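Colleague: Before I ask anything, here is the structure I am working with.
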Amino acid sequence: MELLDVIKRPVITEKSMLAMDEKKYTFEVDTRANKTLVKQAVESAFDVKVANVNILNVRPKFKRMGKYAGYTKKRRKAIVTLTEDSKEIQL
Amino acid sequence: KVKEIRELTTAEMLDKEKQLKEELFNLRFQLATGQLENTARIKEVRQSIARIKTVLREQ
Amino acid sequence: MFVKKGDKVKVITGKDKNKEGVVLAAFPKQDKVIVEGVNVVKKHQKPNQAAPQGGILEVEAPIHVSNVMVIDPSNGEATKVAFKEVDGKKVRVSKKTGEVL
Amino acid sequence: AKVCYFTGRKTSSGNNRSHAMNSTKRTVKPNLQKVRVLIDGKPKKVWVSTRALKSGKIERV
RNA sequence: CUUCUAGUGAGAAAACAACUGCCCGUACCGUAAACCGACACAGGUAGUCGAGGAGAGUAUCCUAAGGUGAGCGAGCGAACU
RNA sequence: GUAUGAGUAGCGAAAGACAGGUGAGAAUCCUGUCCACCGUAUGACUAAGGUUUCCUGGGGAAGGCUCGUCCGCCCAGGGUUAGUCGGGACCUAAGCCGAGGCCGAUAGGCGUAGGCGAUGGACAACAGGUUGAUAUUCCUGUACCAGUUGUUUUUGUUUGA
RNA sequence: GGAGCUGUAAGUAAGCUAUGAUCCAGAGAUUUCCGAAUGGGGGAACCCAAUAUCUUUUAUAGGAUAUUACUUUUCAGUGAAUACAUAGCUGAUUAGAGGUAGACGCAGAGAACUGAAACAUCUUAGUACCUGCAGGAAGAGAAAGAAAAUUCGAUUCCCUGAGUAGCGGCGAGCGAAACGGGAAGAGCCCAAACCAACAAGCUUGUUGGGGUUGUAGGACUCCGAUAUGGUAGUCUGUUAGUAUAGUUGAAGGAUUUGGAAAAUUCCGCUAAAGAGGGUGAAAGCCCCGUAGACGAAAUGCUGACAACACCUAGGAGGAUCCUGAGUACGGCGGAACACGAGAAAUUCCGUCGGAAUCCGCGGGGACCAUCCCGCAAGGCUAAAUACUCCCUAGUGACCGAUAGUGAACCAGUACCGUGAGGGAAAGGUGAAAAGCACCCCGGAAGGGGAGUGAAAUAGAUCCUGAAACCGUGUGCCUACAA
Ligand SMILES: [K+]
Ligand SMILES: [K+]
Ligand SMILES: [K+]
Ligand SMILES: [K+]
Ligand SMILES: [K+]
Ligand SMILES: [K+]
Ligand SMILES: [K+]
Ligand SMILES: [K+]
Ligand SMILES: [K+]
Ligand SMILES: [K+]
Ligand SMILES: [K+]
Ligand SMILES: [K+]
Ligand SMILES: [K+]
Ligand SMILES: [K+]
Ligand SMILES: [K+]
Ligand SMILES: [K+]
Ligand SMILES: [K+]
Ligand SMILES: [K+]
Ligand SMILES: [K+]
Ligand SMILES: [K+]
Ligand SMILES: [K+]
Ligand SMILES: [K+]
Ligand SMILES: [K+]
Ligand SMILES: [K+]
Ligand SMILES: [K+]
Ligand SMILES: [Mg+2]
Ligand SMILES: [Mg+2]
Ligand SMILES: [Mg+2]
Ligand SMILES: [Mg+2]
Ligand SMILES: [Mg+2]
Ligand SMILES: [Mg+2]
Ligand SMILES: [Mg+2]
Ligand SMILES: [Mg+2]
Ligand SMILES: [Mg+2]
Ligand SMILES: [Mg+2]
Ligand SMILES: [Mg+2]
Ligand SMILES: [Mg+2]
Ligand SMILES: [Mg+2]
Ligand SMILES: [Mg+2]
Ligand SMILES: [Mg+2]
Ligand SMILES: [Mg+2]
Ligand SMILES: [Mg+2]
Ligand SMILES: [Mg+2]
Ligand SMILES: [Mg+2]
Ligand SMILES: [Mg+2]
Ligand SMILES: [Mg+2]
Ligand SMILES: [Mg+2]
Ligand SMILES: [Mg+2]
Ligand SMILES: [Mg+2]
Ligand SMILES: [Mg+2]
Ligand SMILES: [Mg+2]
Ligand SMILES: [Mg+2]
């Protein structure tokens with residue numbers, strides 16, 4: 001896939017904001033993207049240098065509106081830790 | 001628009017595709033935050049890339 | 001539909017029979033149309049609609065397209081509509097007078 | 001399959017008829033034999049019926 | 001995995017510096033109200049750790065760490081079970 | 001669909017008491033104190049299984065055999081971070097599949113090479129801290145395993161490391 | 001096509017649209033992963049690769065693209081036991097796998113319950129099921145036939161023959177065919193003899209020419225003709241039509257009731273249109289339509305025309321040659337013929353034996369003779385026939401929500417089961433949400449006002465609202481009765 005398609009969007013939550021304080025950013029990524037590809041995509045997109053990348057699979061969450069019940073789409077969440085001496089990602 | 005896409009050259013179309021992809025990436029980030037107003041622009045950009053790819057394939 | 005937004009129409013059935021007004025909105029899928037000052041309803045609205053009283057608003061509600069007839073702009077009277085091509089362009093024509101639109 | 005390579009003979013079903021004419025299904029098989037014959041100029045062991053061999057026109061390498 | 005040659009060979013080894021290392025699982029319950037028993041069911045559910053006094057002991061009684069007061073109660077204190 | 005039995009049987013092993021709080025409303029929710037129960041367990045870990053039931057904030061329609069302000073329920077957000085842990089990129093047992101092949105009315109059965117297949121074999125990281133929810137996964141400290149580029153020092157270039 | 005549009009589906013938000021959107025039809029592009037699934041593996045929608053090119057990094061790691069299953073055909077190269085070779089191995093090439101439409105067709109294999117008032121022959125029945133192969137149809141089809149009126153002239157299907165002739169523990173039952181009348185119609189190719197070419201090993205294989213039959217034909221030998229007709233051939237073109245969007249398409253106003261007119265009354269009008277549907281109640285003249293007229297850029301399909309392609313000879317002589325062999329047929333054992341071994345033809349299978357060939361051969365219901373009819377052991381062949389998963393346009397003395405598909409509604413769903421599998425319930429406010437602003441009791445729920453509405457005892461458990469069942473009020477009776 002294309003690097004620009006690897007990363008979908010950032011994750012803004014309390015845990016993600018604490019991560020940012022530690023200079024790590026949480027992104028939703030393509031479910032087929034491995035952490036090495038995620039590292040490459042982040043470097044190309046943001047000019048930063050990546051120290052490490054952690055990655056999790058967020059399972060689909062059951063939901064229901066009225067009489068219809070289904071599942072939210074499965075997601076892939078990546079926590080990217082930038083090295084020192086690296087520009088911060090701005091959101 | 002489709003007329004302009006046909007006017008452009010092969011290298012120009014590829015560069016335009018890259019620019020539109022970057023813009024779509026930026027729009028996704030802005031939508032993820034609250035900083036995006038013209039939400040329809042996302043669909044416009046996606047369909048623009050589709051037009052460019054369609055022209056590229058029909059060459 | 002034979003009637004179009006912005007047209008001047010006459011109501012030929014309903015409580016508002018013989019009234020005449022301009023078409024405000026058209027819904028071809030429903031085959032309905034809204035004529036200003038025609039078929040007004042009192043609607044009990046909560047104040048959740050940016051109006052800090054809610055109140056009892058007055059608004060026109062749609063009426064079936066078959067209950068109106070286009071007013072002849074040249075004659076000022078309602079008439080049925082035929083279709084004639086004029087100078088290579090298809091247009092509506094008053095069967096009573098032959099005037100376009 | 002266990003089929004005569006030349007005449008196409010193959011196993012089939014028949015009846016057993018007792019003196020009371022009671023019928024039960026049986027299998028009627030051809031008299032096939034594993035024989036080394038030349039096909040397209042090469043030897044090979046294939047099933048061949050004794051009837052096919054009877055004429056003697058089938059080589060017996 | 002360790003050796004042996006056969007083969008292969010122009011580069012190998014040591015130190016140091018810097019750097020790289022993918023995918024799936026990771027929540028929670030789990031001698032239970034979350035598992036198997038249609039139930040928030042006196043049943044069943046592999047493995048590990050499983051303290052102290054008396055004690056052979058993981059028996060038994062009472063306790064530590066820790067956990068728990070059981071998802072209808074208040075009266076009365078008859079027969080009968 | 002609604003009766004009768006009938007406002008009857010039942011409300012599913014055991015200890016709760018009071019004070020304060022919250023609340024429209026409290027035997028049943030929260031806090032406190034005492035009391036009591038389990039303690040080779042009714043404690044702490046985990047495999048399977050379940051599959052969000054986990055955390056936070058709301059709610060009291062229905063479910064909870066009472067009540068409920070409460071919940072493993074409902075609503076809205078959030079939560080699972082690995083070169084080293086378990087599995088795969090390692091190995092094989094039973095068993096299974098099976099190129100050609102053997103056998104067979106058809107379908108197919110059996111089986112060689114070759115594979116798959118753990119419950120077994122092999123394999124490099126541990127202590128502490130941190131959140132409301134994860135931690136040999138994040139952080140701190142100090143390691144180890146495989147490998148790449150470079151520098152330096154060594155030594156072999158076809159009787160050849 | 002010409003004004004709205006961003007589905008169901010409201011709502012906000014943001015937008016598109018006469019620079020012609022949404023929408024409709026033809027064509028095309030993209031079309032993740034699983035799935036025959038086919039690089040390998042695998043507990044489907046997941047994991048791990050090799051080769052070549054490209055891309056990220058100083059570099060390893062990482063990413064993209066393309067190829068890589070098995071078997072069949074053909075070719076080529078390599079290549080064992082083994083010398084030649086073959087077998088194997090490598091590459092390329094070729095065409096298959098799987099699913100359906102629970103239908104129709106052909107074939108392989110093939111029950112039992114049941115009937116016989118028991119039961120075994122028999123019947124259910126060559127049915128159900130399983131399996132293979134298919135095609136739009138299949139199968140059959142060009143006489144070794146039907147007959148004996150003297151004739152007919154491929155096959156298939158329909159009516160009739162006929163519940164007849166027959167078969168049958170002669171029981172129960174099973175049950176024809178020909179003639180006649182119809183639908184549709186069509187005939188053709190090889191093998192062989194013979195000739196020529198080619199190669200090998202005078203015949204012996206390949207190719208070509210020749211020949212395709214029973215009133216015997218062909219070869220062969222003479223002559224004469226190099227025409228006459230036909231086709232069941234083609235992504236060959238041209239043309240016409242048609243299918244897949246569409247355009248046009250007459251004629252009514254008032255009056256009374258009513259919330260509302262299409263209903264009533266009065267006068268009119270149209271009709272190649274008085275089919276139907278909707279519209280605030282029942283509309284020929286309000287709308288969509290209907291009769292009628294018209295219309296296709298694009299792609300299909302059909303028919304014609306031409307083109308190409310392919311078939312197409314007459315007469316005479318037989319001296320010889322050819323006319324389908326392990327075949328026909330026979331024995332034995334089974335099976336299909338309505339026909340169950342019976343006197344048994346005819347046809348098929350397994351096994352064994354096993355002919356003639358034109359003075360020949362087969363059939364005409366055992367068999368023989370005469371006569372008549374036909375010429376097997378090779379192949380192909382349209383139409384009439386069978387069926388409908390689907391698409392289009394319609395139809396109904398068919399159903400109208402316990403009916404009609406199981407499913408009118410998010411149904412093969414919820415639910416049940418380990419699994420195959422089983423399998424529901426559930427339609428209706430109003431013309432229009434105008435879906436009850438505001439106030440009061442209450443924590444809410446729910447009510448009472450006030451409003452919308454023609455109607456709210458139409459308030460979303462919403463049309464109508466039965467009975468069981470429950471309750472309130474009371475006109476009469478009831479606490480000495482079986
Ligand atoms: K964990
Ligand atoms: K002791
Ligand atoms: K003890
Ligand atoms: K309780
Ligand atoms: K008592
Ligand atoms: K007692
Ligand atoms: K009951
Ligand atoms: K009762
Ligand atoms: K709560
Ligand atoms: K293990
Ligand atoms: K597969
Ligand atoms: K079908
Ligand atoms: K029977
Ligand atoms: K009987
Ligand atoms: K056929
Ligand atoms: K009959
Ligand atoms: K009988
Ligand atoms: K010829
Ligand atoms: K109307
Ligand atoms: K009508
Ligand atoms: K056409
Ligand atoms: K017979
Ligand atoms: K005959
Ligand atoms: K009503
Ligand atoms: K009463
Ligand atoms: Mg992980
Ligand atoms: Mg845990
Ligand atoms: Mg009682
Ligand atoms: Mg209890
Ligand atoms: Mg004990
Ligand atoms: Mg909780
Ligand atoms: Mg809570
Ligand atoms: Mg309760
Ligand atoms: Mg096998
Ligand atoms: Mg925890
Ligand atoms: Mg695969
Ligand atoms: Mg019987
Ligand atoms: Mg076909
Ligand atoms: Mg009209
Ligand atoms: Mg009238
Ligand atoms: Mg028979
Ligand atoms: Mg025989
Ligand atoms: Mg005969
Ligand atoms: Mg006779
Ligand atoms: Mg004759
Ligand atoms: Mg046919
Ligand atoms: Mg009804
Ligand atoms: Mg039904
Ligand atoms: Mg009423
Ligand atoms: Mg009602
Ligand atoms: Mg008395
Ligand atoms: Mg009395």
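Labeling convention for the structure tokens: chains A, B, ... as they appear, residues from 1 per chain, ligands from 1 in order of appearance.
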Residues up to 8 Å from ligand 14, counting only C-alpha atoms (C1' of nucleotides) and all ligand atoms: could you list those as a VMD selection string?

Modeller: chain G and resid 115 to 118

Colleague: Please return as a list in words the residues found within 10 Å of ligand 20, counting only C-alpha atoms (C1' of nucleotides) and all ligand atoms.

Modeller: residues 262, 276, 277, 278, 279, 282, 283, 284, 286, 287 and 289 of chain G

Colleague: Could you take the residues named above and write them with C-alpha atoms (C1' of nucleotides), as a PDB file, in the first residue's frame?

Modeller:
ATOM      1  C1'   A G 262     -63.925  12.726  -7.892  1.00  0.00           C
ATOM      2  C1'   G G 276     -55.661   0.848 -15.230  1.00  0.00           C
ATOM      3  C1'   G G 277     -53.497   3.629 -11.076  1.00  0.00           C
ATOM      4  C1'   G G 278     -53.266   8.247  -7.756  1.00  0.00           C
ATOM      5  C1'   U G 279     -55.190  12.469  -6.097  1.00  0.00           C
ATOM      6  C1'   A G 282     -66.799   7.181  -5.958  1.00  0.00           C
ATOM      7  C1'   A G 283     -62.953  11.598 -11.695  1.00  0.00           C
ATOM      8  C1'   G G 284     -63.629   9.804 -19.587  1.00  0.00           C
ATOM      9  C1'   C G 286     -56.826  17.106 -11.866  1.00  0.00           C
ATOM     10  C1'   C G 287     -52.088  13.967 -12.234  1.00  0.00           C
ATOM     11  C1'   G G 289     -51.286   6.921 -18.104  1.00  0.00           C
TER      12        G G 289
END

Colleague: List as a PyMOL selection string the protein and nucleic acid residues lying within 10 Å of ligand 44, with only C-alpha atoms (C1' of nucleotides) and all ligand atoms counted.

Modeller: chain G and resi 345+364-367

Colleague: Show me which residues are within 9 Å of ligand 36 counting only C-alpha atoms (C1' of nucleotides) and all ligand atoms, and format the list as a ChimeraX atom specification.

Modeller: /G:37-41,69

Colleague: Counting only C-alpha atoms (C1' of nucleotides), a student should be able to say which residues of chain A come within 12 Å of chain G; what is the right answer, written as number ranges by chain?

Modeller: A: 1-3, 6, 31-41, 43-44, 67-69

Colleague: Write out as a PyMOL selection string each polymer residue whose atoms come within 9 Å of residue 49 (chain F), counting only C-alpha atoms (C1' of nucleotides); drop sequence neighbours fewer than 5 positions from it.

Modeller: chain E and resi 30+35-36

Colleague: Export C-alpha atoms (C1' of nucleotides) of the chosen residues as a PDB file, in the first residue's frame?

Modeller:
ATOM      1  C1'   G E  30     -11.483 -18.216  35.513  1.00  0.00           C
ATOM      2  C1'   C E  35     -16.755 -21.606  31.694  1.00  0.00           C
ATOM      3  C1'   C E  36     -20.191 -26.704  30.974  1.00  0.00           C
TER       4        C E  36
END

Colleague: Using only C-alpha atoms (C1' of nucleotides), determine which residues lie at most 7 Å from residue 27 (chain E), disregarding the query and same-chain residues fewer than 3 positions distant; provide the list as JSON, numbers by chain.

Modeller: {"F": [54, 79, 80]}

Colleague: List the neighbours of region 26-32 of chain B out to 10 Å using only C-alpha atoms (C1' of nucleotides); skip same-chain residues closer than 3 positions along the sequence, and give me the result as an MDAnalysis selection string.

Modeller: (chainID A and resid 4 7:12 91) or (chainID B and resid 20:23 35:39 41:42 45)

Colleague: Restrict the selected residues to N, CA and C atoms and save them as a PDB file, in the first residue's frame.

Modeller:
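Result went into again-v6.pdb, see below:
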ATOM      1  N   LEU A   4       1.174   7.101   2.361  1.00  0.00           N
ATOM      2  CA  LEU A   4       0.147   8.053   2.761  1.00  0.00           C
ATOM      3  C   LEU A   4      -1.143   7.361   3.178  1.00  0.00           C
ATOM      4  N   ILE A   7      -1.072   5.359   7.410  1.00  0.00           N
ATOM      5  CA  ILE A   7      -1.588   6.031   8.595  1.00  0.00           C
ATOM      6  C   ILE A   7      -2.950   6.619   8.267  1.00  0.00           C
ATOM      7  N   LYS A   8      -3.942   6.311   9.098  1.00  0.00           N
ATOM      8  CA  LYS A   8      -5.303   6.769   8.857  1.00  0.00           C
ATOM      9  C   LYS A   8      -5.591   8.084   9.570  1.00  0.00           C
ATOM     10  N   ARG A   9      -5.328   8.148  10.869  1.00  0.00           N
ATOM     11  CA  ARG A   9      -5.669   9.315  11.667  1.00  0.00           C
ATOM     12  C   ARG A   9      -4.998   9.182  13.028  1.00  0.00           C
ATOM     13  N   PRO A  10      -4.846  10.284  13.753  1.00  0.00           N
ATOM     14  CA  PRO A  10      -4.356  10.210  15.130  1.00  0.00           C
ATOM     15  C   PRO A  10      -5.463   9.785  16.086  1.00  0.00           C
ATOM     16  N   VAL A  11      -5.050   9.433  17.299  1.00  0.00           N
ATOM     17  CA  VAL A  11      -5.965   9.047  18.367  1.00  0.00           C
ATOM     18  C   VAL A  11      -5.841  10.081  19.474  1.00  0.00           C
ATOM     19  N   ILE A  12      -6.943  10.757  19.776  1.00  0.00           N
ATOM     20  CA  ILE A  12      -6.982  11.790  20.802  1.00  0.00           C
ATOM     21  C   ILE A  12      -7.819  11.245  21.951  1.00  0.00           C
ATOM     22  N   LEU A  91      -0.392  18.571  15.928  1.00  0.00           N
ATOM     23  CA  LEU A  91      -1.763  18.208  15.592  1.00  0.00           C
ATOM     24  C   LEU A  91      -2.721  19.338  15.951  1.00  0.00           C
TER      25      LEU A  91
ATOM     26  N   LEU B  20      -2.629  15.268  -4.272  1.00  0.00           N
ATOM     27  CA  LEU B  20      -3.975  14.998  -3.780  1.00  0.00           C
ATOM     28  C   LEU B  20      -3.953  13.982  -2.646  1.00  0.00           C
ATOM     29  N   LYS B  21      -3.068  12.988  -2.727  1.00  0.00           N
ATOM     30  CA  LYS B  21      -2.956  12.022  -1.639  1.00  0.00           C
ATOM     31  C   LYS B  21      -2.487  12.693  -0.356  1.00  0.00           C
ATOM     32  N   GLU B  22      -1.501  13.586  -0.453  1.00  0.00           N
ATOM     33  CA  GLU B  22      -1.061  14.309   0.733  1.00  0.00           C
ATOM     34  C   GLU B  22      -2.184  15.173   1.291  1.00  0.00           C
ATOM     35  N   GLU B  23      -2.937  15.839   0.415  1.00  0.00           N
ATOM     36  CA  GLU B  23      -4.049  16.658   0.881  1.00  0.00           C
ATOM     37  C   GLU B  23      -5.103  15.800   1.565  1.00  0.00           C
ATOM     38  N   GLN B  35     -10.658  20.408  13.489  1.00  0.00           N
ATOM     39  CA  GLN B  35     -10.138  21.545  12.742  1.00  0.00           C
ATOM     40  C   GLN B  35     -10.568  21.550  11.280  1.00  0.00           C
ATOM     41  N   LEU B  36     -11.454  20.646  10.876  1.00  0.00           N
ATOM     42  CA  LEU B  36     -11.933  20.575   9.502  1.00  0.00           C
ATOM     43  C   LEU B  36     -13.348  21.129   9.440  1.00  0.00           C
ATOM     44  N   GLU B  37     -13.593  22.024   8.483  1.00  0.00           N
ATOM     45  CA  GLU B  37     -14.918  22.589   8.269  1.00  0.00           C
ATOM     46  C   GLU B  37     -15.592  22.014   7.032  1.00  0.00           C
ATOM     47  N   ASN B  38     -14.958  22.114   5.866  1.00  0.00           N
ATOM     48  CA  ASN B  38     -15.563  21.663   4.614  1.00  0.00           C
ATOM     49  C   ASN B  38     -15.342  20.163   4.487  1.00  0.00           C
ATOM     50  N   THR B  39     -16.250  19.387   5.081  1.00  0.00           N
ATOM     51  CA  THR B  39     -16.096  17.937   5.069  1.00  0.00           C
ATOM     52  C   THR B  39     -16.240  17.366   3.665  1.00  0.00           C
ATOM     53  N   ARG B  41     -14.944  18.277   1.086  1.00  0.00           N
ATOM     54  CA  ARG B  41     -13.685  18.328   0.354  1.00  0.00           C
ATOM     55  C   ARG B  41     -13.002  16.969   0.312  1.00  0.00           C
ATOM     56  N   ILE B  42     -13.212  16.139   1.337  1.00  0.00           N
ATOM     57  CA  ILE B  42     -12.601  14.813   1.357  1.00  0.00           C
ATOM     58  C   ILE B  42     -13.112  13.975   0.192  1.00  0.00           C
ATOM     59  N   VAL B  45     -11.703  15.265  -3.103  1.00  0.00           N
ATOM     60  CA  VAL B  45     -10.319  14.886  -3.360  1.00  0.00           C
ATOM     61  C   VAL B  45     -10.230  13.417  -3.744  1.00  0.00           C
TER      62      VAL B  45
END

Colleague: Return as a list in words the residues of protein, DNA or RNA that approach ligand 32 to within 10 Å, with only C-alpha atoms (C1' of nucleotides) and all ligand atoms taken into account.

Modeller: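 Residues lying within 10 Å of ligand 32: residues 55, 56, 57, 58, 59, 70 and 71 of chain F.
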
Colleague: For chain C, report every residue with an atom at most 6 Å from chain G (counting only C-alpha atoms (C1' of nucleotides)), formatted as a VMD selection string.

Modeller: chain C and resid 14 41 44 to 45 55 to 56 66

Colleague: Generate a file of the selected residues that holds N, CA and C atoms, formatted as a PDB file, in the first residue's frame.

Modeller:
ATOM      1  N   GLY C  14     -59.061  21.298  -2.288  1.00  0.00           N
ATOM      2  CA  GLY C  14     -58.651  21.464  -0.907  1.00  0.00           C
ATOM      3  C   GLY C  14     -59.275  22.688  -0.271  1.00  0.00           C
ATOM      4  N   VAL C  41     -50.073  25.173   8.473  1.00  0.00           N
ATOM      5  CA  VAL C  41     -50.324  24.349   9.646  1.00  0.00           C
ATOM      6  C   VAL C  41     -49.688  25.008  10.861  1.00  0.00           C
ATOM      7  N   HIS C  44     -46.520  22.653  16.913  1.00  0.00           N
ATOM      8  CA  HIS C  44     -46.082  22.824  18.297  1.00  0.00           C
ATOM      9  C   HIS C  44     -44.609  22.451  18.381  1.00  0.00           C
ATOM     10  N   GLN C  45     -43.740  23.459  18.384  1.00  0.00           N
ATOM     11  CA  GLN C  45     -42.298  23.261  18.346  1.00  0.00           C
ATOM     12  C   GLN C  45     -41.681  23.537  19.709  1.00  0.00           C
ATOM     13  N   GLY C  55     -42.751  27.700  20.803  1.00  0.00           N
ATOM     14  CA  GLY C  55     -43.901  28.378  20.251  1.00  0.00           C
ATOM     15  C   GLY C  55     -44.754  27.469  19.381  1.00  0.00           C
ATOM     16  N   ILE C  56     -45.693  28.104  18.694  1.00  0.00           N
ATOM     17  CA  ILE C  56     -46.570  27.440  17.732  1.00  0.00           C
ATOM     18  C   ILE C  56     -46.291  28.093  16.384  1.00  0.00           C
ATOM     19  N   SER C  66     -51.297  17.186  -8.214  1.00  0.00           N
ATOM     20  CA  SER C  66     -52.513  17.162  -9.015  1.00  0.00           C
ATOM     21  C   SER C  66     -53.531  18.204  -8.574  1.00  0.00           C
TER      22      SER C  66
END

Colleague: Give as a VMD selection string the residues surrounding ligand 4 up to a distance of 9 Å, considering only C-alpha atoms (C1' of nucleotides) and all ligand atoms.

Modeller: (chain E and resid 71 to 73) or (chain F and resid 27 to 28 66 to 67)

Colleague: Generate the output file for the selected residues, N, CA and C atoms (P, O5', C5', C4', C3', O3' and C1' of nucleotides), as a PDB file, in the first residue's frame.

Modeller:
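Below is the file that was written, selection21.pdb:
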ATOM      1  P     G E  71     -27.957 -14.894  47.664  1.00  0.00           P
ATOM      2  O5'   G E  71     -28.207 -13.337  47.877  1.00  0.00           O
ATOM      3  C5'   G E  71     -29.186 -12.863  48.794  1.00  0.00           C
ATOM      4  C4'   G E  71     -30.346 -12.226  48.073  1.00  0.00           C
ATOM      5  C3'   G E  71     -30.752 -12.918  46.778  1.00  0.00           C
ATOM      6  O3'   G E  71     -32.168 -12.884  46.615  1.00  0.00           O
ATOM      7  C1'   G E  71     -30.036 -10.692  46.314  1.00  0.00           C
ATOM      8  P     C E  72     -33.009 -14.249  46.723  1.00  0.00           P
ATOM      9  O5'   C E  72     -34.254 -13.870  47.636  1.00  0.00           O
ATOM     10  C5'   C E  72     -34.110 -13.778  49.044  1.00  0.00           C
ATOM     11  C4'   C E  72     -34.428 -12.394  49.541  1.00  0.00           C
ATOM     12  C3'   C E  72     -34.439 -12.219  51.048  1.00  0.00           C
ATOM     13  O3'   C E  72     -33.141 -12.073  51.591  1.00  0.00           O
ATOM     14  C1'   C E  72     -36.363 -11.209  50.131  1.00  0.00           C
ATOM     15  P     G E  73     -32.838 -12.539  53.097  1.00  0.00           P
ATOM     16  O5'   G E  73     -33.344 -11.306  53.962  1.00  0.00           O
ATOM     17  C5'   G E  73     -34.140 -11.495  55.120  1.00  0.00           C
ATOM     18  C4'   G E  73     -34.977 -10.274  55.396  1.00  0.00           C
ATOM     19  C3'   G E  73     -35.652 -10.217  56.754  1.00  0.00           C
ATOM     20  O3'   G E  73     -34.785  -9.772  57.781  1.00  0.00           O
ATOM     21  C1'   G E  73     -37.228  -9.698  55.086  1.00  0.00           C
TER      22        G E  73
ATOM     23  P     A F  27     -35.682   0.698  54.366  1.00  0.00           P
ATOM     24  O5'   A F  27     -34.912  -0.436  55.173  1.00  0.00           O
ATOM     25  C5'   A F  27     -33.713  -0.151  55.877  1.00  0.00           C
ATOM     26  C4'   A F  27     -32.865  -1.387  56.034  1.00  0.00           C
ATOM     27  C3'   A F  27     -32.104  -1.823  54.793  1.00  0.00           C
ATOM     28  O3'   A F  27     -30.862  -1.151  54.673  1.00  0.00           O
ATOM     29  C1'   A F  27     -33.182  -3.695  55.811  1.00  0.00           C
ATOM     30  P     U F  28     -30.533  -0.264  53.377  1.00  0.00           P
ATOM     31  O5'   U F  28     -30.032  -1.318  52.298  1.00  0.00           O
ATOM     32  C5'   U F  28     -29.123  -2.351  52.655  1.00  0.00           C
ATOM     33  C4'   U F  28     -29.094  -3.438  51.613  1.00  0.00           C
ATOM     34  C3'   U F  28     -28.985  -2.946  50.171  1.00  0.00           C
ATOM     35  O3'   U F  28     -28.178  -3.841  49.408  1.00  0.00           O
ATOM     36  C1'   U F  28     -30.969  -4.201  50.429  1.00  0.00           C
ATOM     37  P     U F  66     -36.806 -10.130  42.329  1.00  0.00           P
ATOM     38  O5'   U F  66     -37.248  -9.761  43.812  1.00  0.00           O
ATOM     39  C5'   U F  66     -38.586  -9.952  44.245  1.00  0.00           C
ATOM     40  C4'   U F  66     -38.867  -9.174  45.503  1.00  0.00           C
ATOM     41  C3'   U F  66     -38.475  -7.705  45.466  1.00  0.00           C
ATOM     42  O3'   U F  66     -39.487  -6.895  44.891  1.00  0.00           O
ATOM     43  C1'   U F  66     -37.657  -8.708  47.457  1.00  0.00           C
ATOM     44  P     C F  67     -39.138  -5.847  43.725  1.00  0.00           P
ATOM     45  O5'   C F  67     -38.438  -4.637  44.485  1.00  0.00           O
ATOM     46  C5'   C F  67     -39.071  -3.992  45.579  1.00  0.00           C
ATOM     47  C4'   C F  67     -38.071  -3.223  46.400  1.00  0.00           C
ATOM     48  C3'   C F  67     -37.120  -2.340  45.607  1.00  0.00           C
ATOM     49  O3'   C F  67     -37.670  -1.067  45.323  1.00  0.00           O
ATOM     50  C1'   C F  67     -35.903  -3.633  47.187  1.00  0.00           C
TER      51        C F  67
END

Colleague: Counting only C-alpha atoms (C1' of nucleotides) and all ligand atoms, what are the residues, protein, DNA or RNA alike, that approach ligand 46 to within 12 Å? I want them as a list in words.

Modeller: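 Counting only what the definition allows, namely only C-alpha atoms (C1' of nucleotides) and all ligand atoms, the set is residues 135, 136, 137, 138, 139, 140, 141, 155, 156, 157, 184, 185, 381, 382, 383, 384, 385 and 386 of chain G.
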
Colleague: Leaving out residue 151 (chain F) and any residue of its chain fewer than 4 positions from it, which residues lie within 12 Å of it when counting only C-alpha atoms (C1' of nucleotides), given as a PyMOL selection string?

Modeller: chain E and resi 15-18

Colleague: What does the structure give for the distance between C1' of residue 117 (chain F) and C1' of residue 84 (chain F), in Å to one decimal?

Modeller: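 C1' of residue 117 (chain F) sits 26.7 Å away from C1' of residue 84 (chain F).
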
Colleague: Which of chain D counts as strand (DSSP E or B) under DSSP, as a list in words please?

Modeller: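 Checking each residue of chain D, the strand (DSSP E or B) ones are residues 12, 13, 14, 15, 16, 17, 23, 24, 25, 26, 27, 28, 32, 33, 34, 35, 36, 37, 38, 39, 42, 43, 44, 45, 46, 47, 48 and 49 of chain D.
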